[PDB]
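Engineer: Got a structure for you, questions after.
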Amino acid sequence: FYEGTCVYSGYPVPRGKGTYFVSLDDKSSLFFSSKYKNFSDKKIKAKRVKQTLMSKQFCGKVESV
Amino acid sequence: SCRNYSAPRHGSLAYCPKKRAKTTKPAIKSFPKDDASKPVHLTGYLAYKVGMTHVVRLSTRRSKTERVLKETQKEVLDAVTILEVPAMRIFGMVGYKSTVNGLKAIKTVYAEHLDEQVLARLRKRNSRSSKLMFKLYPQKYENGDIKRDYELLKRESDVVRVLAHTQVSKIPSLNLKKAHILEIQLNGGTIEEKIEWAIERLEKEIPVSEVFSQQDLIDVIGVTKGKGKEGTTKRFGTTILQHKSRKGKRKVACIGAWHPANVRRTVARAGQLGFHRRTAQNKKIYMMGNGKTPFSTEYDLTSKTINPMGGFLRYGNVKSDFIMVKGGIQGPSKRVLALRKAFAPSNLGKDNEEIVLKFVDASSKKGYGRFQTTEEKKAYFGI
Amino acid sequence: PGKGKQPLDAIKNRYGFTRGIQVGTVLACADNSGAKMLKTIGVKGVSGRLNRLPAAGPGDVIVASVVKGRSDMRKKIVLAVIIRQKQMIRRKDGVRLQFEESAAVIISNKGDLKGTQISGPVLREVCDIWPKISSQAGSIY
RNA sequence: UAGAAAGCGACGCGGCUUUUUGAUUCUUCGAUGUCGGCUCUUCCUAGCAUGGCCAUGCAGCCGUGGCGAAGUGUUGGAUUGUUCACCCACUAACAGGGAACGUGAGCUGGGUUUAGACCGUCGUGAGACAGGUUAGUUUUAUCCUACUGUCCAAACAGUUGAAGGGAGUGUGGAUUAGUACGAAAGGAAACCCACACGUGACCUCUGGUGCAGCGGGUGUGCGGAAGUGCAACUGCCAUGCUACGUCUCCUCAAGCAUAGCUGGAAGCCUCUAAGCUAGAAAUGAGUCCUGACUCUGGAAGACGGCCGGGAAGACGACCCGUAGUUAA
RNA sequence: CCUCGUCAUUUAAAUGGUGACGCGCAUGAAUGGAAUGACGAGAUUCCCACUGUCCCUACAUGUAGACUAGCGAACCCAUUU
RNA sequence: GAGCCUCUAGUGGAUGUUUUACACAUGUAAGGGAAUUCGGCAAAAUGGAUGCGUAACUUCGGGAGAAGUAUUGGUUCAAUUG
RNA sequence: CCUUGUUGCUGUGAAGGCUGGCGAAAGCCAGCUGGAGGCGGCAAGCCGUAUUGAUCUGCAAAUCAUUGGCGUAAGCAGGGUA
């Protein structure tokens with residue numbers, strides 16, 4: 001069982017962990033931890049954070065769609 | 001003059017004086033009422049605290065008067081504690097007699113062969129002994145002293161209890177070579193039946209499945225975590241004083257009036273906190289199982305043991321039988337606890353409901369645990 | 001129970017969430033009635049203990065005064081329902097939520113809404129105990 | 001609305017209290033720190049809410065007058081140095097008091113009441129004014145006793161229970177039900193579920209903290225790079241600790257006020273004179289914490305130090321290990 | 001003095017602040033009277049920003065403190081508590 | 001000739017123990033933001049240089065850095081003080 | 001009263017002067033030069049507002065920390081003399 005997939009990191013989230021953040025734009029979004037939520041606020045682009053699943057796919061280190 | 005505004009007291013006087021417990025192992029001091037109408041059964045056991053995890057269960061509990069047509073079912077997430085319970089071994093019995101001064105012990109009778117683990121409790125320092133402990137007692141079997149002893153117990157007794165020890169050698173993480181010994185009461189039938197039932201079982205092993213089953217309510221007796229000497233702010237919960245005060249803010253400001261000219265026992269003072277005996281009533285058994293047989297739910301079709309990835313932090317892996325119970329339990333990992341059948345049955349609706357599990361969490365307790373098995377980790381990373 | 005000025009006739013069950021909004025808090029108004037900012041002066045249902053400030057969560061009814069809005073409406077006392085909150089909440093299923101900004105919506109003594117449209121997202125649990133809010137909210141979470 | 005007495009009760013008369021202010025000067029002038037607030041505990045009842053009842057000008061809803069009862073509650077603010085007062089908001093309700101006008105080697109120092117200075121009124125003046133205004137040093141426990149924990153009196157293993165402590169309180173929703181009751185308008189009465197305050201524990205989750213660990217930059221040192229000092233800044237974060245997190249909290253017995261049963265005095269009557277029944281958040285026990293004097297058992301050796309650890313810790317004490325799933 | 005004077009404005013709420021009014025216990029003209037600028041570690045009221053002052057406290061650092069070696073006092077004292 | 005870092009020249013002892021509570025010097029904090037208190041006391045916030053833009057009143061000198069806003073590192077070039 | 005010692009870095013930009021424009025005149029407007037003041041921000045220094053902080057058997061019969069006021073001048077100081 002999973003809670004979902006983290007918006008910023010790309011990481012799958014275990015049941016009973018993480019949090020949803022809801023913006024006034026009306027969108028609901030899931031984050032793995034406080035670490036990656038804060039990186040969003042500070043406008044760090046995910047592709048530069050080299051341990052993320054997003055970054056690894058973009059570089060072609062991991063096979064993706 | 002009367003104080004300006006009303007407020008409640010700080011802390012409960014039901015637990016004063018709050019002194020330190022004498023030793024770490026508790027005796028069950030009170031047992032539920034006997035009933036001659038039922039078969040002979042045991043009333044308690046010993047267990048070791050492993051650690052905590054969480055589960056998801058299905059529920060359908062709602063007000064009987066709620067007008068909603070549909071049989072609504074809902075997921076609930078709950079925290080649980082795991083206890084390890086290897087089989088205890090029976091090694092003797094005691095009879096008691098009722099007097100104007102309460103119960104008094106008449107005689108104690110021991111098995112012919114006793115184990116190294118139990119003899120080790122009788123000496124103080126383990127590695128320095130001549131081991132001439134019980135070596136002359138076996139003659140009493142030849143002499144018929146045992147047969148005279150049983151006669152006296154059977155003739156003159158009101159209450160009968162067995163002596164049992166735990167097999168510490170099965171739990172290596174304890175670093176312990178002396179067994180723990182507990183006296184457990186027998187309820188049901190007559191004195192004669194109780195004595196015969198006991199005699200049949202000296203030297204043998206009783207599994208936990210004799211005493212308890214799933215969904216049962218039980219009482220847990222233990223000693224809490226220790227916290228050393230502490231001030232009034234933490235020991236009794238009193239408020240911190242004004243920020244600009246000299247001579248300290250973390251204290252009770254006024255400790256009495258002029259008369260009486262002494263301090264009352266009801267005022268808060270600094271001292272020992274933690275390491276006290278406490279009993280938790282009516283906790284419910286969610287599951288019973290074994291540390292090395294995998295299990296599954298109707299919904300989670302993975303097959304896994306209770307052990308999380310990397311084990312419980314300062315314990316490792318469960319190997320013997322285990323019980324799982326709702327909520328938190330006294331003391332740190334590795335402490336001994338006493339389990340008892342509930343003293344009286346509960347009327348509350350939250351207690352008497354069924355339990356149906358759909359998921360149990362097995363992720364790592366060190367750091368953020370993000371996989372349920374080694375197969376998932378090997379699949380997420382390469383190769 | 002209905003006592004004093006501005007009594008409430010339509011009592012409902014509380015949920016036990018954390019209480020992010022307390023006396024002194026200024027918060028936005030989400031409806032189209034013409035108020036813009038509300039200043040919290042009291043909470044319904046609070047019996048109080050020494051030294052503690054009264055506090056509320058989603059679903060609770062607050063007493064407030066109108067500190068920004070149209071001229072006819074300012075410096076008057078009004079009732080409102082809390083629809084979202086910036087402090088974190090835990091559902092009984094174990095899910096946790098957090099919104100970007102807190103807000104409330106104005107009601108009558110009988111529990112009827114003052115306006116006709118509500119800006120932005122609203123918490124699901126509120127729509128379970130205040131059914132009229134479901135009709136005119138932006139999105140439900 | 002009839003009518004002394006549901007509720008009131010003129011004109012008069014008898015008491016109790018020490019929480020108001022007087023009256024008096026018995027104790028202290030080789031010194032008993034003086035108003036209010038903050039903090040914290042206990043007691044009283046002349047009962048505001050919460051429980052059981054009786055009367056009614058008690059239909060129902062809301063009330064009003066009385067009885068046994070002190071277990072649990074009695075809040076957040078604006079002006080003011082205030083106690084007091086007066087308003088706003090909530091509430092089941094926001095009763096009234098005592099303990100050297102409780103509480104300064106517990107704090108604070110706004111008021112009053114030393115020495116500087118302004119104003120008004122009084123005085124020829126020096127100066128006065130329970131008239132107004134502004135600035136104005138808060139010392140010392142290391143003694144005895146109390147109180148809170150700690151060891152010894154009490155070899156080791158298993159227990160017993162004398163006596164002392166004590167804990168759960170309240171609100172709402174649904175259902176009975178738009179029912180009984182009332183011309184109508186209005187409008188009640190268990191069980192179950194949600195919550196708040198209080199109590200005792202616990203870290204699986206979520207916040208917080210950053211001692212161990214990994215990274216980044218600014219100024220200047222070790223010839224450069226690499227490894228790095230000093231001034232200090234900064235992103236993440238194990239274990240642990242913690243609440244803004246999670247779990248927790250009823251059952252008997254004897255009986256108050258009352259309302260009843262049988263029943264004489266007193267052939268009738270009658271709750272009482274003997275005897276019996278129902279009876280309160282109150283009382284006494286159990287479940288819960290502390291643990292006096294005891295009781296049962298093993299064996300010619302036992303136990304303490306020294307050495308090494310912690311789940312325990314101010315120091316003692318407690319839990320453990322020493323040729324082994326021992327340590328490195 | 002009466003007095004927390006009356007009316008307006010500032011607040012949810014004003015023994016406060018500012019604006020008006022005046023038979024002013026007992027204002028007032030070098031015992032100096034009245035209206036401003038620039039400048040006060042001078043007295044007073046309000047708004048914006050900001051925050052452990054507070055709700056309601058939690059965790060961590062250095063130095064003392066506890067225990068130990070060497071050195072080593074005083075206040076006070078009818079004392080049986 | 002500020003603070004911070006280095007060259008010349010000069011410098012140091014009541015012993016061991018990881019060490020509770022309460023202190024004294026300091027750090028950080030979810031949501032709220034003076035509700036605290038006689039009183040924002042203490043703390044936080046603002047901060048240098050360059051440019052844009054600056055009110056009432058005034059003895060016409062001032063107010064005035066009013067207020068309010070934007071920019072700022074390394075590298076490689078043009079142009080010569082912009 | 002007599003004889004002496006002690007002013008470093010920066011901001012603002014008075015009087016006087018030179019160019020260019022406008023004007024019939026008188027004298028108005030720009031840009032630059034010049035460097036006044038018991039004038040602003042600081043350093044060395046001199047002082048003593050707050051924390052009613054530390055200390056109160058003190059380091060000290062008036063000291064220490066942070067925070068403050070002035071600092072091109074009715075400023076601070078040695079010796080001789082009254």
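We name chains A, B, ... following the order of the structure tokens; residues begin at 1 in each chain, and ligands are numbered from 1 as shown.
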Among the residues of region 154-365 of chain B, find those DSSP assigns to strand (DSSP E) from the backbone and print them as a ChimeraX atom specification.
Structural biologist: /B:159-166,181-187,205-206,217-223,226-230,271-274,277-290,321-326,336-341,356-360
Engineer: Can you build me a table of chain C residues sitting at most 9 Å from chain E, with the closest atom pair per residue and its distance in Å to one decimal, using only C-alpha atoms (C1' of nucleotides), sorted by chain and residue number, as JSON lines?
Structural biologist:
{"residue": "C:41", "atom": "CA", "partner": "E:12", "partner_atom": "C1'", "distance": 7.3}
{"residue": "C:51", "atom": "CA", "partner": "E:55", "partner_atom": "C1'", "distance": 7.8}
{"residue": "C:52", "atom": "CA", "partner": "E:55", "partner_atom": "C1'", "distance": 6.0}
{"residue": "C:53", "atom": "CA", "partner": "E:55", "partner_atom": "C1'", "distance": 5.9}
{"residue": "C:64", "atom": "CA", "partner": "E:12", "partner_atom": "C1'", "distance": 8.4}
{"residue": "C:65", "atom": "CA", "partner": "E:12", "partner_atom": "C1'", "distance": 7.1}
{"residue": "C:75", "atom": "CA", "partner": "E:12", "partner_atom": "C1'", "distance": 8.1}
{"residue": "C:76", "atom": "CA", "partner": "E:12", "partner_atom": "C1'", "distance": 8.1}
{"residue": "C:77", "atom": "CA", "partner": "E:12", "partner_atom": "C1'", "distance": 7.2}
Engineer: Take the residues that were just selected and, keeping C-alpha atoms, output them as a short mmCIF file (atom, residue, chain, number, x, y, z; two decimals), in the first residue's frame.
Structural biologist:
data_model
loop_
_atom_site.label_atom_id
_atom_site.label_comp_id
_atom_site.auth_asym_id
_atom_site.auth_seq_id
_atom_site.Cartn_x
_atom_site.Cartn_y
_atom_site.Cartn_z
CA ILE C 41 -13.07 38.10 19.73
CA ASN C 51 -4.69 31.82 31.92
CA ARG C 52 -5.68 30.03 28.64
CA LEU C 53 -6.81 31.91 25.49
CA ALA C 64 -15.69 38.35 15.19
CA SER C 65 -15.70 42.03 14.25
CA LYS C 75 -17.16 47.75 13.34
CA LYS C 76 -20.10 45.32 13.78
CA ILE C 77 -20.11 41.92 15.55
#
Engineer: Counting only C-alpha atoms (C1' of nucleotides), which residues from chain F have an atom at most 12 Å from any atom of chain B, and could you show them as number ranges by chain?
Structural biologist: F: 20-24, 36-37, 41-42
Engineer: Please identify every residue of chain B that has at least one atom no more than 8 Å from any atom of chain C, counting only C-alpha atoms, and report them as a count of residues only.
Structural biologist: 6
Engineer: What parts of chain C does DSSP call alpha helix (DSSP H)? I'd like the answer as a PDB file with N, CA and C atoms, in the first residue's frame.
Structural biologist:
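The resulting file, out.pdb, is shown below:
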ATOM      1  N   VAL C 126     -15.992  19.622   6.995  1.00  0.00           N
ATOM      2  CA  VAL C 126     -16.858  20.760   7.270  1.00  0.00           C
ATOM      3  C   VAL C 126     -18.176  20.583   6.517  1.00  0.00           C
ATOM      4  N   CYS C 127     -18.088  20.103   5.276  1.00  0.00           N
ATOM      5  CA  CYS C 127     -19.225  19.862   4.402  1.00  0.00           C
ATOM      6  C   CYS C 127     -20.107  18.694   4.864  1.00  0.00           C
ATOM      7  N   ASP C 128     -19.626  17.916   5.836  1.00  0.00           N
ATOM      8  CA  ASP C 128     -20.383  16.815   6.408  1.00  0.00           C
ATOM      9  C   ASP C 128     -21.323  17.293   7.515  1.00  0.00           C
ATOM     10  N   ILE C 129     -20.982  18.405   8.180  1.00  0.00           N
ATOM     11  CA  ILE C 129     -21.755  18.897   9.312  1.00  0.00           C
ATOM     12  C   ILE C 129     -22.423  20.234   8.991  1.00  0.00           C
TER      13      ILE C 129
END
Engineer: Taking only C-alpha atoms (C1' of nucleotides) into account, which residues of chain D are within 9 Å of chain A, as a ChimeraX atom specification?
Structural biologist: /D:205-206,236
Engineer: What does the distance between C1' of residue 103 (chain D) and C1' of residue 37 (chain D) come to in Å, to one decimal place?
Structural biologist: 12.4 Å
Engineer: Would you tabulate, counting only C-alpha atoms (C1' of nucleotides), all residues of chain C that have an atom at most 9 Å from an atom of chain D, showing the closest pair of atoms and their distance in Å to one decimal, sorted by chain then ascending number, as a Markdown table?
Structural biologist:
| residue | atom | partner | partner_atom | distance |
| --- | --- | --- | --- | --- |
| C:1 | CA | D:91 | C1' | 9.0 |
| C:11 | CA | D:172 | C1' | 7.8 |
| C:12 | CA | D:173 | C1' | 6.5 |
| C:13 | CA | D:194 | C1' | 5.9 |
| C:14 | CA | D:195 | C1' | 6.0 |
| C:15 | CA | D:195 | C1' | 7.2 |
| C:16 | CA | D:195 | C1' | 6.9 |
| C:18 | CA | D:244 | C1' | 7.6 |
| C:23 | CA | D:76 | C1' | 8.8 |
| C:41 | CA | D:89 | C1' | 6.7 |
| C:42 | CA | D:89 | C1' | 5.8 |
| C:43 | CA | D:90 | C1' | 6.8 |
| C:44 | CA | D:90 | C1' | 6.7 |
| C:45 | CA | D:91 | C1' | 7.5 |
| C:46 | CA | D:90 | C1' | 6.5 |
| C:47 | CA | D:91 | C1' | 5.2 |
| C:48 | CA | D:75 | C1' | 4.7 |
| C:49 | CA | D:75 | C1' | 5.4 |
| C:50 | CA | D:75 | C1' | 6.3 |
| C:51 | CA | D:76 | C1' | 7.8 |
| C:52 | CA | D:76 | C1' | 7.5 |
| C:53 | CA | D:76 | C1' | 6.2 |
| C:54 | CA | D:76 | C1' | 7.1 |
| C:63 | CA | D:89 | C1' | 8.2 |
| C:88 | CA | D:206 | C1' | 8.6 |
| C:90 | CA | D:206 | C1' | 8.5 |
| C:94 | CA | D:205 | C1' | 8.2 |
| C:96 | CA | D:206 | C1' | 8.0 |
Engineer: Only C-alpha atoms, please: the residues just picked out, written as a short mmCIF file (atom, residue, chain, number, x, y, z; two decimals), in the first residue's frame.
Structural biologist:
data_model
loop_
_atom_site.label_atom_id
_atom_site.label_comp_id
_atom_site.auth_asym_id
_atom_site.auth_seq_id
_atom_site.Cartn_x
_atom_site.Cartn_y
_atom_site.Cartn_z
CA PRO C 1 -27.27 27.25 24.72
CA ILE C 11 -25.45 23.41 17.50
CA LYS C 12 -23.32 20.64 15.89
CA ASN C 13 -20.72 18.00 16.85
CA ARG C 14 -17.07 19.15 17.15
CA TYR C 15 -14.16 17.31 15.55
CA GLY C 16 -11.05 16.93 17.70
CA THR C 18 -5.68 20.88 16.50
CA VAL C 23 -8.64 35.23 20.22
CA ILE C 41 -13.07 38.10 19.73
CA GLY C 42 -14.66 34.84 21.02
CA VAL C 43 -15.44 31.14 20.34
CA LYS C 44 -18.76 29.34 20.94
CA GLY C 45 -18.78 26.34 23.30
CA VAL C 46 -15.64 27.20 25.33
CA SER C 47 -15.98 27.03 29.12
CA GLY C 48 -12.40 28.17 29.87
CA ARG C 49 -9.64 27.61 32.42
CA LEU C 50 -7.24 30.02 34.15
CA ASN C 51 -4.69 31.82 31.92
CA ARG C 52 -5.68 30.03 28.64
CA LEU C 53 -6.81 31.91 25.49
CA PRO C 54 -9.93 30.42 23.73
CA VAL C 63 -17.53 35.67 17.18
CA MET C 88 -1.71 20.84 10.32
CA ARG C 90 -4.78 14.60 11.22
CA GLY C 94 -4.04 8.87 9.33
CA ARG C 96 -2.42 14.85 7.22
#
Engineer: Taking only C-alpha atoms into account, find every residue of chain B that has an atom no more than 12 Å from chain A, and write it out as a short mmCIF file (atom, residue, chain, number, x, y, z; two decimals) with N, CA and C atoms, in the first residue's frame.
Structural biologist:
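Saved the output as out10.cif:
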data_model
loop_
_atom_site.label_atom_id
_atom_site.label_comp_id
_atom_site.auth_asym_id
_atom_site.auth_seq_id
_atom_site.Cartn_x
_atom_site.Cartn_y
_atom_site.Cartn_z
N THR B 53 5.01 -0.37 16.47
CA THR B 53 4.73 -0.22 15.05
C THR B 53 3.30 0.31 14.88
N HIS B 54 2.76 0.36 13.64
CA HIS B 54 1.37 0.75 13.43
C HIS B 54 0.69 -0.16 12.41
N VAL B 55 -0.65 -0.19 12.45
CA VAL B 55 -1.47 -1.08 11.63
C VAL B 55 -2.67 -0.29 11.10
N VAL B 56 -3.32 -0.80 10.05
CA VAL B 56 -4.61 -0.27 9.64
C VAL B 56 -5.67 -1.36 9.80
N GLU B 75 -11.58 2.78 7.31
CA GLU B 75 -10.21 2.47 7.71
C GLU B 75 -9.80 3.33 8.89
N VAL B 76 -9.08 2.74 9.86
CA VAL B 76 -8.53 3.47 11.00
C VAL B 76 -7.08 3.03 11.19
N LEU B 77 -6.18 4.00 11.42
CA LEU B 77 -4.76 3.73 11.66
C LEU B 77 -4.46 3.78 13.16
N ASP B 78 -3.80 2.75 13.69
CA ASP B 78 -3.58 2.59 15.12
C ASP B 78 -2.17 2.13 15.46
N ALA B 79 -1.64 2.61 16.59
CA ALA B 79 -0.31 2.24 17.05
C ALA B 79 -0.39 1.06 18.01
N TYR B 299 -6.11 -8.77 2.29
CA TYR B 299 -5.99 -7.64 1.39
C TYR B 299 -4.53 -7.42 0.98
N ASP B 300 -3.61 -7.59 1.94
CA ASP B 300 -2.17 -7.58 1.71
C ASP B 300 -1.70 -9.01 1.46
N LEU B 301 -1.48 -9.31 0.17
CA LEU B 301 -1.13 -10.66 -0.26
C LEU B 301 0.38 -10.89 -0.26
N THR B 302 1.16 -9.95 0.30
CA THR B 302 2.55 -10.23 0.63
C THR B 302 2.59 -11.17 1.83
N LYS B 358 -5.96 -5.00 7.93
CA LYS B 358 -5.69 -5.09 6.50
C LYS B 358 -4.23 -4.85 6.14
N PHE B 359 -3.49 -4.13 6.99
CA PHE B 359 -2.08 -3.87 6.76
C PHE B 359 -1.32 -3.74 8.08
N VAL B 360 -0.05 -4.19 8.10
CA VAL B 360 0.88 -4.03 9.21
C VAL B 360 2.20 -3.44 8.71
N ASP B 361 2.72 -2.36 9.34
CA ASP B 361 3.93 -1.69 8.85
C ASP B 361 5.21 -2.42 9.27
N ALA B 362 6.07 -2.76 8.29
CA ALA B 362 7.33 -3.47 8.50
C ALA B 362 8.57 -2.69 8.03
N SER B 363 8.45 -1.38 7.84
CA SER B 363 9.56 -0.56 7.39
C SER B 363 10.55 -0.27 8.53
N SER B 364 11.78 0.16 8.19
CA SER B 364 12.87 0.47 9.11
C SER B 364 12.52 1.55 10.14
N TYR B 368 14.16 7.51 8.05
CA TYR B 368 12.92 7.42 7.31
C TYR B 368 12.88 6.07 6.62
N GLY B 369 11.98 5.18 7.05
CA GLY B 369 11.85 3.88 6.42
C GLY B 369 10.90 3.92 5.22
N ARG B 370 11.41 3.57 4.03
CA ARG B 370 10.63 3.76 2.81
C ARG B 370 10.37 2.49 1.98
N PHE B 371 10.80 1.31 2.46
CA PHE B 371 10.50 0.02 1.83
C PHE B 371 9.95 -0.96 2.87
N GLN B 372 9.12 -1.92 2.43
CA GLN B 372 8.56 -2.93 3.32
C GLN B 372 9.36 -4.23 3.32
N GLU B 376 11.97 -5.06 -2.48
CA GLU B 376 11.59 -3.75 -2.98
C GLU B 376 12.80 -2.82 -3.10
N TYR B 380 14.20 -1.12 -6.51
CA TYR B 380 14.25 0.33 -6.64
C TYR B 380 15.63 0.79 -7.08
N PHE B 381 16.67 0.35 -6.36
CA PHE B 381 18.04 0.51 -6.83
C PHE B 381 18.30 -0.45 -7.98
N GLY B 382 19.44 -0.27 -8.67
CA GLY B 382 19.83 -1.21 -9.70
C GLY B 382 20.36 -2.52 -9.12
#
Engineer: Please provide the set of residues having any atom within 6 Å of region 35-47 of chain B, restricted to only C-alpha atoms (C1' of nucleotides), with same-chain residues fewer than 6 positions apart removed, written as an NGL selection string.
Structural biologist: :B and (84-85 or 185-189 or 336-341)
Engineer: Please, which residues of chain D lie no more than 6 Å from chain B when the count uses only C-alpha atoms (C1' of nucleotides), and can they be set out as a PyMOL selection string?
Structural biologist: chain D and resi 39-40+98+102-103+106-107+146-149+157+166+175+192-193+202+204+247+289+295-296+299
Engineer: List as CSV every residue of chain C that is in contact with chain F, defined as an atom at most 9 Å from one of its atoms (using only C-alpha atoms (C1' of nucleotides)), together with the nearest atom pair and the distance in Å rounded to one decimal, sorted by chain and then rising number.
Structural biologist:
residue,atom,partner,partner_atom,distance
C:19,CA,F:31,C1',8.2
C:20,CA,F:31,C1',5.1
C:21,CA,F:32,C1',6.7
C:22,CA,F:32,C1',6.8
C:23,CA,F:35,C1',7.1
C:24,CA,F:35,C1',6.4
C:25,CA,F:32,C1',6.4
C:53,CA,F:35,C1',7.3
C:86,CA,F:31,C1',7.2
C:87,CA,F:31,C1',5.2
C:88,CA,F:31,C1',8.4
Engineer: Can those selected residues be exported to a file as a compact mmCIF listing (two decimals), in the first residue's frame so that it contains N, CA, C and O atoms?
Structural biologist:
# COMPACT_ATOMS: atom_id res chain seq x y z
N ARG C 19 -6.09 23.21 17.13
CA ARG C 19 -6.82 24.46 17.15
C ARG C 19 -5.87 25.63 16.86
O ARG C 19 -5.31 26.24 17.76
N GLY C 20 -5.77 25.97 15.58
CA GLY C 20 -4.83 26.97 15.09
C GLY C 20 -5.29 28.42 15.26
O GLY C 20 -4.47 29.32 15.16
N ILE C 21 -6.59 28.65 15.50
CA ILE C 21 -7.14 30.00 15.46
C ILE C 21 -7.60 30.37 16.86
O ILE C 21 -8.34 29.61 17.48
N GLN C 22 -7.15 31.51 17.38
CA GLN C 22 -7.49 31.90 18.74
C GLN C 22 -7.79 33.39 18.83
O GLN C 22 -7.56 34.12 17.87
N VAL C 23 -8.33 33.83 19.97
CA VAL C 23 -8.64 35.23 20.22
C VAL C 23 -7.45 36.12 19.84
O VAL C 23 -6.30 35.84 20.19
N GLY C 24 -7.70 37.16 19.06
CA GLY C 24 -6.62 38.01 18.59
C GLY C 24 -6.28 37.77 17.13
O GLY C 24 -5.70 38.66 16.50
N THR C 25 -6.62 36.59 16.58
CA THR C 25 -6.27 36.24 15.21
C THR C 25 -7.12 37.03 14.21
O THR C 25 -8.35 37.06 14.31
N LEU C 53 -6.03 31.16 26.47
CA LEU C 53 -6.81 31.91 25.49
C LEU C 53 -7.72 30.97 24.69
O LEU C 53 -7.26 29.93 24.24
N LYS C 86 -4.10 27.01 8.52
CA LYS C 86 -2.71 26.83 8.11
C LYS C 86 -1.98 25.80 8.97
O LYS C 86 -1.00 25.22 8.51
N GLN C 87 -2.43 25.60 10.22
CA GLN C 87 -1.93 24.59 11.14
C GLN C 87 -2.35 23.21 10.62
O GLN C 87 -3.41 23.09 10.02
N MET C 88 -1.52 22.19 10.86
CA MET C 88 -1.71 20.84 10.32
C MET C 88 -2.82 20.08 11.04
O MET C 88 -2.99 20.24 12.25
Engineer: Should the cut-off be 12 Å, what would the residue list for chain G against chain B look like, counting only C-alpha atoms (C1' of nucleotides), as a PyMOL selection string?
Structural biologist: chain G and resi 51-54
Engineer: Quick one: distance from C1' of residue 17 (chain F) to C1' of residue 316 (chain D) in Å, one decimal?
Structural biologist: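 Between these atoms lies a distance of 16.4 Å.
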Engineer: Select all residues from chain C having any atom no more than 7 Å from an atom of chain A (counting only C-alpha atoms, ignoring ligands), output as a short mmCIF file (atom, residue, chain, number, x, y, z; two decimals) with N, CA, C and O atoms, in the first residue's frame.
Structural biologist:
data_model
loop_
_atom_site.label_atom_id
_atom_site.label_comp_id
_atom_site.auth_asym_id
_atom_site.auth_seq_id
_atom_site.Cartn_x
_atom_site.Cartn_y
_atom_site.Cartn_z
N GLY C 94 -5.48 8.69 9.19
CA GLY C 94 -4.04 8.87 9.33
C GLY C 94 -3.44 9.87 8.35
O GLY C 94 -2.25 10.18 8.43
N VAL C 95 -4.27 10.38 7.42
CA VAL C 95 -3.83 11.36 6.43
C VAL C 95 -3.69 12.73 7.10
O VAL C 95 -4.55 13.10 7.89
N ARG C 96 -2.66 13.50 6.71
CA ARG C 96 -2.42 14.85 7.22
C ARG C 96 -2.51 15.90 6.10
O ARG C 96 -2.01 15.67 5.00
N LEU C 97 -3.13 17.05 6.40
CA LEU C 97 -3.38 18.15 5.46
C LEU C 97 -2.95 19.49 6.05
O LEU C 97 -3.01 19.69 7.26
N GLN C 98 -2.66 20.44 5.15
CA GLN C 98 -2.26 21.80 5.47
C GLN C 98 -2.60 22.74 4.31
O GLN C 98 -2.16 22.50 3.19
N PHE C 99 -3.33 23.84 4.56
CA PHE C 99 -3.67 24.82 3.53
C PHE C 99 -2.72 26.02 3.55
O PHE C 99 -2.01 26.24 4.52
N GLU C 100 -2.74 26.84 2.48
CA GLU C 100 -1.85 27.97 2.31
C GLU C 100 -2.24 29.16 3.20
O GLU C 100 -1.37 29.83 3.73
N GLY C 120 -12.20 29.57 -3.23
CA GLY C 120 -11.10 28.68 -2.89
C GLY C 120 -11.56 27.34 -2.30
O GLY C 120 -12.75 27.04 -2.28
N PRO C 121 -10.59 26.50 -1.86
CA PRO C 121 -10.89 25.15 -1.37
C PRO C 121 -11.41 25.08 0.07
O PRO C 121 -11.14 25.96 0.88
N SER C 139 -13.58 23.96 -4.34
CA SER C 139 -13.19 22.55 -4.42
C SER C 139 -13.21 21.94 -3.03
O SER C 139 -13.05 22.66 -2.04
#
Engineer: What does the distance from CA of residue 55 (chain C) to CA of residue 8 (chain C) come to in Å, to one decimal?
Structural biologist: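 So the two atoms, CA of residue 55 (chain C) and CA of residue 8 (chain C), lie 18.0 Å apart.
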